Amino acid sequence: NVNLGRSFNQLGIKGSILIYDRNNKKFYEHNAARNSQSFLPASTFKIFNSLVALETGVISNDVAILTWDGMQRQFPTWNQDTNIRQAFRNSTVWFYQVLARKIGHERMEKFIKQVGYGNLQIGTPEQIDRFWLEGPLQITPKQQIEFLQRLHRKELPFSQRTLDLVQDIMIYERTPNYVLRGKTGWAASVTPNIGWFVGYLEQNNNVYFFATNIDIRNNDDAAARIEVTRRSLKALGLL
């Protein structure tokens, strides 16, 4: 028995978290109702997009380069040539928009439905480079967990090579005791903004899948995406 809502109220943020203990098939959560509510995936979709891009071969491997088009975008790290590992690290949207266009609407829809990702809606072909940023694609925190867990047990239609590459670029933090993988998200086209941190923790010969979802009403709220995840995992004796 642990109060996972404690971290949320300390940081003054509204949101939810869902943690799934793989070995024990057990959930821990705060705000269960929100864990079944749908939100724009934003950059968390890069996990799914990376799998399909590698599987279809529109990007050859983790070091293959896509070049910057010269347009000055919002963040300086985005204004440079990159690969999928650094684009994942930097939340480089334009890189993943190229991947989605090259996958194409028909292949994207097939993988979305085969995987069962979120609400399964990517819109019209004209929305191929923005359906996860502006809609209509949405996903619940529970569905983030289901996707990541199915991914990890090799049920999805991706080769072992594809899985190995994506699981490697997801590495966020690593010590001798644990490997933390995940991806943040920040949907800014809705009010309030929606913050994500989803992924999974490998520790103590177990895997703990997590999905954090918060309201972002000022820029200081954004840092709480990872911090509430950290405090939640430590409340369970992890990290």
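The first residue of the shown sequence is 1; numbering continues from there.
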Stretch with the greater mean C-alpha B-factor as recorded in the entry, comparing 94-102 against 157-165: 157-165
field: Entry-level comparison of average CA B-factors, 57-65 and 173-181, reporting the higher stretch
entry: 173-181
query: According to the deposited entry, which of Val198, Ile47, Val52, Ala188 has the largest Cα B-factor?
result: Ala188
task: Grab the CA temperature factor for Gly118 from the record and place it in the lowest, middle or highest third of its chain.
output: lowest
- request: Taking the values exactly as deposited, rank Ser43 by C-alpha B-factor within its chain and report the matching third: lowest, middle or highest.
  value: lowest
field: Where the record places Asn83 (Cα B-factor, split into thirds across the chain)
entry: lowest
message: By the recorded C-alpha temperature factor, relative to the other modelled residues in its chain, which third is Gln149 in?
response: middle
task: Name the third of the chain's ranked CA B-factors that contains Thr77, choosing lowest, middle or highest.
output: middle
